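Only one chain comes next, encoded as structure tokens, the form deposited in one PDB entry.
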């Protein structure tokens, strides 16, 4: 039952106004031309057998996941309309090489506005030098703007701030706080 149906409408990524990109690419790549033998598209359940968790596990721990577990989560994300899990496939190898999620959050403030979040971004190690993290960040940042978000946020270590400033992000005055449940 893992199939090729995308989590969200793929034309949203073609429709992204790439003239609004501010990151430097050499060579020039775009969501429509992401690089030699690469496709930038929404996640589908079939990516479970294209090494999706192999990419993700490079960011943090993915643990033990059943197929039914993965598909239950995928379906909930699709149904909400709020999740934009975006992958890069090397179509020569039939393998995911990069992933990133845009989450939309609906509010009542600012005249019932929407905000974006960048989550779970990781590029497979053997793809260093393919500019995919840059492409994913720029694409998703511009996607949220396309989806009428008033702002988009993310978290990173101070050492990596410079990277995100290139897509228009600045350091907030607010502290990021967290509680991990035991």
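Positions refer to the first chain, counted from 1.
One more form of this protein, solved in complex with a small molecule, exists but is not displayed; see below.
Segments offered: 140-148, 64-72, 119-127, 37-45. Contacting the small molecule in the deposited complex at heavy atom distances within 4.5 Å is 119-127.
Only one of 170, 159, 20, 11 comes within 4.5 Å of the small molecule in the deposited complex through a heavy atom, and that residue is 159.
The shortest heavy atom separation between residue 54 and the small molecule in the deposited complex exceeds 4.5 Å. Taking the partner from the other structure, the small molecule in the deposited complex has no heavy atom within 4.5 Å of any heavy atom of residue 152. None of the heavy atoms of residue 28 is located within 4.5 Å of the small molecule in the deposited complex. Taking non-hydrogen atoms only, residue 134 approaches the small molecule to within 4.5 angstroms in the deposited complex.
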